[PDB]
Amino acid sequence: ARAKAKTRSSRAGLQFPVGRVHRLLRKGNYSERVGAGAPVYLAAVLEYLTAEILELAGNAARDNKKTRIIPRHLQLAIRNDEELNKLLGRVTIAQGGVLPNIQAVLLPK
Amino acid sequence: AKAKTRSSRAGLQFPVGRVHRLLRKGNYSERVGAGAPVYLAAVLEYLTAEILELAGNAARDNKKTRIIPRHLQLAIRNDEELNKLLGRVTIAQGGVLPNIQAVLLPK
Amino acid sequence: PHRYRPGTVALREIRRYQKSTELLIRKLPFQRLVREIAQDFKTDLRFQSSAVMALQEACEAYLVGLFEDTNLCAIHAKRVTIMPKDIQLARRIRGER
Amino acid sequence: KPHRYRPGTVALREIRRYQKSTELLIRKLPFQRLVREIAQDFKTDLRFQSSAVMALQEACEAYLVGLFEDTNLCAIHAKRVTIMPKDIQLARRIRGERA
Amino acid sequence: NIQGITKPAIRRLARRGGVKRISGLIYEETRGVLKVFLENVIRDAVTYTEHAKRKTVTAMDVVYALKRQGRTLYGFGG
Amino acid sequence: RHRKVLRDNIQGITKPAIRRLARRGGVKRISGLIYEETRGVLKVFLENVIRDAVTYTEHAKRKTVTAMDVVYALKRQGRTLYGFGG
Amino acid sequence: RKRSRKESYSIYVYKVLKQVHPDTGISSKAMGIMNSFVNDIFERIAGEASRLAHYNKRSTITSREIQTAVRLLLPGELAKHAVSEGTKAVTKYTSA
Amino acid sequence: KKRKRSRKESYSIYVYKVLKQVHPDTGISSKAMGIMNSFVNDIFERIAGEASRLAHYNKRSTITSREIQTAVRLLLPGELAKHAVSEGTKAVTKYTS
DNA sequence: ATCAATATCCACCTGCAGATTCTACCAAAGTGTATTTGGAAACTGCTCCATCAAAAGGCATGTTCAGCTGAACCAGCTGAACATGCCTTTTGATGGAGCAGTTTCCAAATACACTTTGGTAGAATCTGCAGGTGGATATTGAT
DNA sequence: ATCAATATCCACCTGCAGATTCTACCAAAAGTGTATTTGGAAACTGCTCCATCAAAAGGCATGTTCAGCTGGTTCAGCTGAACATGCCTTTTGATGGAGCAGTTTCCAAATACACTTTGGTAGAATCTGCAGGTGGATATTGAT
Ligand SMILES: [Cl-]
Ligand SMILES: [Cl-]
Ligand SMILES: [Cl-]
Ligand SMILES: [Cl-]
Ligand SMILES: [Mn+2]
Ligand SMILES: [Mn+2]
Ligand SMILES: [Mn+2]
Ligand SMILES: [Mn+2]
Ligand SMILES: [Mn+2]
Ligand SMILES: [Mn+2]
Ligand SMILES: [Mn+2]
Ligand SMILES: [Mn+2]
Ligand SMILES: [Mn+2]
Ligand SMILES: [Mn+2]
Ligand SMILES: [Mn+2]
Ligand SMILES: [Mn+2]
Ligand SMILES: [Mn+2]
Ligand SMILES: [Mn+2]
Ligand SMILES: [Mn+2]
């Protein structure tokens, strides 16, 4: 008789799905074989980046006094963060708009 | 029966078996159809022919019987579509096209 | 009667639209355009509504970014007015033309 | 007399001459030393195939020439014929190399 | 239909882009450029559609086409 | 043994070399402040390519940077280079 | 008949959102952005890992290929913290 | 005392064959040939990658001459796409019979 | 409108470093046989897409003028051209560091059978938002 | 720089409709247990080709003169901003039905392995453009 099933994600201390990520790795034709630690490492990295973006975007959403993050807040957070901006430099967030910016020379006086 | 290469059956100069092997071992999909390497081999042969055509011309314009990377460059860059296809590519030892902005010429 | 000095309402408009995220082209002209262009490639096509929305999101974000660059090119030539030549300089440096 | 060309004549002559040739324009040894210094700041005791160094030098010089064409276009845009740091910066900014 | 992208629309796009003053020739230039962009994306989205043997262009066709053009879009299924 | 300490080598990229590069680029007149900008820009470019090449080298558990490491680095930086393998 | 069964990362993104900002929720369109994001970084890393293995004439993608791929793909501090989180997760998993 | 050596493949022979077809009189330097090998590998990987993504989007596990054809349409500009589809379709129909 | 003073151009040679041809192994392609299976092809649900007609509401249009751009003029000064003096890079051998070729044995992978969780879809919440206001902030013009 | 005088923007409320969260089933899928296989790490070690050095070979650094480029200044033509109104296009919101998409089913076509040639590669052995050296012809530039 089998023991009580423990998800790999829980074994890894993660919220993101290690099992799914492993499946996706196996079925995406990236290689013949996928090592046991690879989906754990990748799931952890995905979770980290998701957390970073949600950290900054939550700050953005409640500094403008909302309790729900909307795409605008994601844009504000990505673009105001140099490294995220770099990572997503060739990406458009739908309904995100732009950062407030007027070239100084365009101002009066 | 007497062995006939796939390239010969398809009428190609490029190696169909090789292209098949490279498709199977490159992890592009679980399976590769029998027709995929023929088509791809033919397309590679074609683009090679197009580029060697234009560069042979560049070479005979420079009065050379042998193609050098400069001729490949001249051929790619003077041709709108190859230039577009290789728009993000550097030809080593290829140089650039003669071009001087008009405003820089003497009055 | 009241009149704002030329340029005041412009700056106000910059602030207004940089503060918002709504699409700036009217839906229907845009869609009719999408369908014309497509029909030059493939006929008796239909479009999901989301497909058209994605094309418009893409178009507007591209045009907004291109206008930012164009404006940098105008500022560069010591003007504050963008011109076709600015759009072309931006596009040629971007490797688009 | 003694002979002297007007400023710009030899410059245009040099453009024709270097656009006509394909040889690398940076001297080999200095470029090598730069490559090894940078690399050594990433990882120590590295060696290089000479092909590796040549490949870096072809890539660098091609990049710098292309950036100089764009820079020149920005100068010409501002009604000048002299390239300046502000031109290189406008070129890199539009290229999305800096932002 | 390209004339349907009106002077005020293009003006708003330019305003979000931070542009303060606009030459009158901009609008036609802008229309040309938008048309080239759309042709480029739509040609690929439609290629994807015919490949899937459909007659309806789906959001994914547009998203994949955008990803090929180096214009990745988040929020429509990819 | 070991070689002598490499310092300040970006300065070995001389004013005449930068001038020739600019000439191939079609540049007629050159401000005196260009030479430092160019050096700066060059170093960024190199730092960026060499970093990736070395990552590939380290991954392959080698001590020698190969032409392929450089070519893969270039290809991922969107600067594909023809003529050195692959 | 039944429509398809669609997977997405929504539930996990939500869990992370709650860890970091217990007070804050998220719009469905925002959730779509975040989904697109996870899929995109996923594919970038896995693709880099795939090429790494092919260059080195290897048929297995291990946590090593993933790590090198992370170093290649992420800028600076983001790369450092991702490599740290990754190694941490693998270690915890291994011991457990 | 026992001895060691190895074998590397390239497209040289085939490029040379094509060169003789289009320019019987002309030869080619080894560096030029290196450029051409890079070219064949580059286009190869681009087409195969486009075909891979294509097959994946459409839930298909086999890459056929059809995926290759679509990938070729996606990657090549205009007339090149036309002539490549011609050469490919021709090669395949010839092969099949 | 001419001459010098230079620079580039453009054949012509000749030898050898680099390209082509030649052979001989063996690395892989082709053939043959047997076994699994992916994905058209066909047959219908049911999503949403195209259409259409009566709502709103933004744009087209034409006129006044603020001020931006582009021209014209000019002086300060910066960067090109060049002659000089010699330090740095290129070139050629060559031992040996370290890739790369081989072999082999496990840690780590797959293969197969069997048995909680993510997705889904109404119900039950709750928060932005649409709409309205008035105070806040900003701009314009006359002293 | 101040005051008025407007004009527009932006917090601040409010109620409640719609979007989010909440609940509770249920197949699909992730996990577990056991059995085998196997890709590749590690260990040796042949054999390329890298680092090194010092004599050659050859540009770079340096300072001075001044041509002409840049940037400042002024100013009027005229272009593009602002603005006010009713017509015409866009928006909104029901419908019928086109065609994605869900299910299922079998065969053409895929993979896998063995067996046997055969095209491709790696030097070896020739072969031959063209690099590099020169010199004379023609072109171009800049000073009178
Ligand atoms: Cl692993
Ligand atoms: Cl096929
Ligand atoms: Cl213009
Ligand atoms: Cl400057
Ligand atoms: Mn250092
Ligand atoms: Mn089946
Ligand atoms: Mn030796
Ligand atoms: Mn050793
Ligand atoms: Mn078994
Ligand atoms: Mn659950
Ligand atoms: Mn409101
Ligand atoms: Mn009231
Ligand atoms: Mn066995
Ligand atoms: Mn083995
Ligand atoms: Mn003067
Ligand atoms: Mn006036
Ligand atoms: Mn029907
Ligand atoms: Mn034979
Ligand atoms: Mn010569």
Side-chain angles (χ1 to χ4, degrees), chain A residues 2-3 5-8 17 19-20 22-23 32-36 66-68, chain B residues 1 3-6 15 17-18 20-21 31-34 64-66, chain C residues 1-10 12 26-29 46-49 78-81, chain D residues 1-11 13 27-30 47-50 80-82, chain E residues 4 6-8 21-24 54-56 58, chain F residues 3 14-16 29-32 62-64 66, chain G residues 1-8 11 25-28 58-60, chain H residues 1-10 13 27-30 60-62:
Chain A
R2 41 188 57 186
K6 315 249 165 231
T7 69
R8 291 191 262 174
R20 183 171 289 189
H22 196 161
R23 190 205 343 129
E32 185 60 33
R33 310 170 131 207
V34 191
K66 285 227 211 303
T67 57
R68 255 195 274 161
Chain B
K4 214 180 189 293
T5 73
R6 291 195 264 175
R18 184 170 287 188
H20 196 165
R21 191 196 80 219
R31 308 169 129 209
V32 187
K64 294 284 180 43
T65 51
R66 190 192 291 147
Chain C
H2 186 69
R3 278 207 104 195
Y4 286 102
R5 293 159 68 182
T8 298
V9 180
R12 188 197 304 154
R26 285 173 317 169
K27 233 149 284 224
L28 185 65
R46 292 165 71 99
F47 277 78
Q48 302 186 336
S49 170
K78 310 279 193 72
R79 295 175 278 104
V80 298
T81 304
Chain D
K1 326 300 188 96
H3 185 69
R4 211 191 169 64
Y5 288 108
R6 292 162 67 184
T9 296
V10 184
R13 189 193 302 156
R27 284 171 317 169
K28 258 65 168 321
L29 187 66
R47 291 169 134 226
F48 278 77
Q49 302 182 335
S50 62
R80 295 177 277 104
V81 303
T82 303
Chain E
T6 66
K7 161 164 168 168
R21 209 161 180 275
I22 299 166
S23 151
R54 291 185 260 97
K55 332 190 41 188
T56 305
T58 72
Chain F
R3 63 186 182 278
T14 60
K15 161 165 168 168
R29 207 160 179 273
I30 298 166
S31 150
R62 290 185 262 99
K63 322 188 37 190
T64 307
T66 69
Chain G
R1 282 154 260 183
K2 260 171 260 282
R3 311 229 313 177
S4 278
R5 199 199 185 240
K6 311 153 316 212
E7 290 170 351
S8 94
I11 267 167
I26 181 173
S27 84
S28 61
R58 281 194 203 322
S59 50
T60 312
Chain H
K1 155 181 214 170
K2 193 161 194 176
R3 299 156 346 183
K4 326 239 228 196
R5 348 197 68 252
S6 176
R7 196 198 182 250
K8 310 156 54 187
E9 292 173 352
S10 94
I13 267 167
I28 185 172
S29 84
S30 62
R60 286 192 213 324
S61 52
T62 173

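Each chain gets a letter, A, B and so on, in the order its sequence line appears, and its residues count up from 1. The figures that follow rest on heavy atoms only: side chains count, while hydrogens, waters and symmetry mates do not.
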Among all residues two or more places apart in sequence or in another chain, which pass the salt bridge (charged side-chain N to carboxylate O under 4.0 Å, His left out) test with [X]?
| X | result |
| --- | --- |
| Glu32(A) | none |
| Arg7(H) | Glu9(H) |
| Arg3(C) | none |
| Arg79(C) | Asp86(C) |

Within the 4.0 Å limit for protein heavy atoms, which parts of [range] are touched? Write it as a string from 5' to 3', B for base, S for sugar-phosphate only, - for none.
| range | result |
| --- | --- |
| nucleotides 60-72 of chain J | SS---B-SSSSS- |
| nucleotides 26-34 of chain I | -SSSSSS-- |
| nucleotides 41-55 of chain I | ---BSSSSBS----- |

Please name the pair of heavy atoms, one in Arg33(A) and one in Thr60(G), separated by the smallest distance, quoted to 0.1 Å.
->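 Taking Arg33(A) first and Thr60(G) second, the nearest heavy atoms are CD-OG1, 3.1 Å.
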Any idea which heavy atoms bring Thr14(F) and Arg27(D) closest together, and the distance?
->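 Minimum heavy-atom separation between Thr14(F) and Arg27(D): CG2-NH2, 3.2 Å.
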First of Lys6(G) and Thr62(H) reached from the 5' end of DNA chain I, by closest nucleotide =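 So the residue in question is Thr62(H).
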Name the residue closer to the 5' end of DNA chain I, choosing between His3(D) and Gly32(F) according to the nucleotide with the nearest heavy atom.
->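 Between the two, 5'-proximity favours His3(D).
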For [N], does either OP1 or OP2 sit under 4.0 Å from a side-chain N or O belonging to [X]?
| X | N | answer |
| --- | --- | --- |
| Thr67(A) | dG128(I) | yes |
| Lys27(C) | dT90(J) | no |
| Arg5(H) | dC25(I) | no |
| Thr8(C) | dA82(J) | no |

Does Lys55(E) or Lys1(H) map to a spot on DNA chain J nearer the 5' end, using the closest nucleotide for each?
->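 Final value for this comparison: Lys1(H).
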DNA chain J: 5'-proximal contact among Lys2(H) and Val9(C) (nearest heavy atom) |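 This one resolves to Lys2(H).
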Looking across every strand, which nucleic acid part, if any, lies under 4.0 Å from [X] by heavy atom: base, sugar-phosphate, or nothing?
| X | answer |
| --- | --- |
| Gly4(E) | nothing |
| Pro17(A) | nothing |
| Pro29(C) | sugar-phosphate |
| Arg2(A) | base |
| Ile11(G) | sugar-phosphate |

Can you sort out the partners of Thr5(B) under side-chain contact (heavy atoms from CB on, under 4.5 Å), two or more places apart, ordered by chain and number?
->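 Per chain and number, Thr5(B) pairs via side-chain contact (heavy atoms from CB on, under 4.5 Å) with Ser7(B), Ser8(B).
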Counting side-chain heavy atoms from CB outward, which of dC100(J), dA110(J), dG101(I) is closest to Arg31(B)?
->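 Of all the options, the side chain of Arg31(B) is nearest to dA110(J).
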Nucleotide nearest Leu28(C) (side chain, heavy atoms from C-beta), chosen from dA81(J), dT90(J), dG142(J) |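 Comparing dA81(J), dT90(J), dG142(J) against the side chain of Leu28(C), the answer is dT90(J).
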Residues in side-chain hydrogen bond (donor to acceptor under 3.5 Å, both in side chains) contact with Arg21(E), at least two apart in sequence or another chain =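 side-chain hydrogen bond (donor to acceptor under 3.5 Å, both in side chains) check on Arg21(E) returns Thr81(C).
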What pairs with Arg8(A) under side-chain hydrogen bond (donor to acceptor under 3.5 Å, both in side chains), at least two apart in sequence or on another chain?
->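 Only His22(A) meet the side-chain hydrogen bond (donor to acceptor under 3.5 Å, both in side chains) criterion with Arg8(A).
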Is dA109(I) north-puckered or south-puckered, judged from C1'-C2'-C3'-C4'?
->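 Here the torsion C1'-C2'-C3'-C4' comes out positive, placing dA109(I) north.
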Sign of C1'-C2'-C3'-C4' at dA55(I): does that make it north or south?
->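 Positive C1'-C2'-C3'-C4' torsion, north pucker.
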Using whole Å, report how far NZ of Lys66(A) lies from P of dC126(I).
->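 My rounded result for the distance is 19 Å.
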Output a table of nitrogen or oxygen pairs between the protein and nucleotides 16-22 of chain I separated by less than 3.5 Å.
from	atom 1	to	atom 2	distance (Å)
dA19(I)	OP1	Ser30(H)	N	3.0
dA19(I)	OP1	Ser30(H)	OG	3.0
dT20(I)	OP1	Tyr16(H)	OH	3.0
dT20(I)	OP1	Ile28(H)	N	2.9
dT20(I)	OP2	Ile28(H)	O	3.4
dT20(I)	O5'	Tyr16(H)	OH	2.9

For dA80(I), is chi within 90° of 0 (syn) or not (anti)?
->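 Anti, which is what one calls it when the glycosidic angle falls more than 90° from 0.
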Kindly check if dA56(I) and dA55(I), neighbours in the strand, have base rings whose centres sit closer than 5.5 angstrom and whose planes are less than 30 degrees apart?
->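 Not stacked, because at least one condition fails for the base rings of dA55(I) and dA56(I).
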Are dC87(I) and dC86(I) stacked, with six-ring centres under 5.5 Å and planes under 30°?
->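 Judged by ring centres under 5.5 Å and planes under 30°, these neighbouring bases do not count as stacked.
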Spacing of the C1' atoms in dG30(I) and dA109(I) (rounded, Å) =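 That atom pair is separated by 32 Å.
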P atoms of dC87(J) and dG134(I), separation to the nearest Å =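 Per the computed distance, 34 Å lies between those P atoms.
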Go through DNA chain J and write down every stem, that is, every run of at least three consecutive Watson-Crick or G-U wobble pairs with distances under 3.5 Å, as range with range.
->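 The stems that DNA chain J takes part in, listed by first number, are I:1-54 with J:91-144, I:56-115 with J:30-89, I:116-143 with J:1-28.
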